[PDB]
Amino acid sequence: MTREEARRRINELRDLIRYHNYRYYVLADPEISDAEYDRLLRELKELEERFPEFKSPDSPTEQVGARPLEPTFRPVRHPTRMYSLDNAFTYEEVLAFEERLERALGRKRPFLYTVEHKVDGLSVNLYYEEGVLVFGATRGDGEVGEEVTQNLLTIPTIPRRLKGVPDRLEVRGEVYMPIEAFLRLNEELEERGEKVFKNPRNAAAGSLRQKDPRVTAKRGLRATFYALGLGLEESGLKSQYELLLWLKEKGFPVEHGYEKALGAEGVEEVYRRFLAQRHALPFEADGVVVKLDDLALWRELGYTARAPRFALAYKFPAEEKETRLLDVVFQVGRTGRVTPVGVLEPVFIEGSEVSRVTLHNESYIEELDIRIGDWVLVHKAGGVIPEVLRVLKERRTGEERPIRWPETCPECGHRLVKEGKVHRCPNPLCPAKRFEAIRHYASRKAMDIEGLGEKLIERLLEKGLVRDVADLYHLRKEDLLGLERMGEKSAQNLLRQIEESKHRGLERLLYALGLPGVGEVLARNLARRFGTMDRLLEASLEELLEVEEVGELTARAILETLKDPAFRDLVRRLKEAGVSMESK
């Protein structure tokens, strides 16, 4: 086969193989065979050896198997260089800018531009040959970036096969995480006790820089594209505006908004119409980008040491302000995690007066070394949630006090317990955990109670009919369930579930009362070994370790809950209502 051809199949093979390793270990909806699949992974290795030149530590081969095809974070120089824009913060600049362009002119100044939102994300490069996606790397330093093609496949919008494009195409855009996701990812991290991201750029970086591409897919990652590299001239594009439309038609996703505008003045118009939607977008945007619209006049205009001249970045005012951290108070979540809250000196960020800010968890406070008396620079993560961006250390009077959790839980009085990287309340009955408790217990994985809708649980909790798990069985009085959208067509029905659930066995019962670590499997492995709550309640450290997957750390934990009077109490009241305490 002609050296040229070999390249193509090599380009294609590696793709189909990345696509299907994805279509498999990721999506779980493979099309081809798990065997006919290796019938390609082999041929890839056949051409790679009879044309050694094409070997690339990117190829599926370099690390094959029946494992998730990972992305080699190997450094890669991009076909063309990727630049950064210069920053303007006032209309004077951007006037001056368009003025700088006047150096040439042609009976004007009002210059047609294309203005678009500034996607707070990470620049990515996507090289394509004959249309096929060869690789996709991060911006890195503008010249060499990390290879991360696999992860770029977890984003369904990034196209793999173009059509009618230049033999060599280098399309550039960005990959980002929407505030909802950003915020979601940040919530799951606080609970685990990890340090949370301070913004959508970083949070997008990591979510893409994961060995296991299966992870990048659960993160929200979205990508948009706005520029070409090797290919401008090839494409026949003339206007920036057309570019974005061309880019769209080809299968590339272009989601950040854009529009035309004439002369600084006009640009300055879109700017504000934008600055007003600065928090109305499904993603954080810290400014906009003024791009001269005539691509033809891009060449004459050059790039400085590290920036273009035909384009510019007009950024929104930076919302950052210094203030002091005065006191810090604690709260307890629905899971038990005792959260930290910093009470700052009343300050201002966009008119909204900030006075109470989340610490996060103990990690954040530790990482940023956030003491008390400390002066802190507070910002808005994602431009939506204020948080101490960093402490102004040098200004430390040296008399600041270190943040320490309290001995007890402020919402029930029970002594606290450090279950991992975050402090929490072991109390089985702490009022702060009722809703979560009642629900977990009601899940099909638990004592399966389909009637208890998330709304009824908080309705039964607010109206005082319930307080904990046992109370469910004393709701017998349907007279009780007949005042919250239920009649007796609806009552009697649920009433029998709170009954039938009495019969789920000790296994499922142990899982319902959420013990420290006792997972669905750790629970069953617990019921089998004790037959009854009574027995278990008399379990010993040793007896507990001896169990499959019960480690010393969790053993000594379960051991303390079990002895807790509250737990005892809750259990008794459940037995005394007919809930079976034996293995089913």
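Note that residue numbering begins at 1 and tracks the sequence as displayed.
Mean CA temperature factor is higher for 225 to 233 when stretches 225 to 233 and 260 to 268 are set side by side in the entry.
The PDB entry records a higher mean C-alpha B factor for 478 to 486 than for its counterpart among 478 to 486 and 197 to 205. Per the PDB entry, 456 shows the highest C-alpha temperature factor of the residues 422, 456, 313, 152. Note on 104, 344, 392, 165: the highest value goes to 104, judged by CA B factor as recorded. When the CA B factors of the chain's modelled residues are split into thirds, the value for residue 569 lands in the lowest one. Annotation for residue 39: C-alpha temperature factor in the highest third relative to the rest of the modelled chain, per the entry.
Among the modelled residues of its chain, residue 84 has a C-alpha B-factor that falls in the middle third, as given in the PDB entry. Ranked within its chain, residue 285 lands in the middle third, by CA B factor from the PDB record. For residue 538, the recorded CA temperature factor ranks within the lowest third of the chain's modelled residues.
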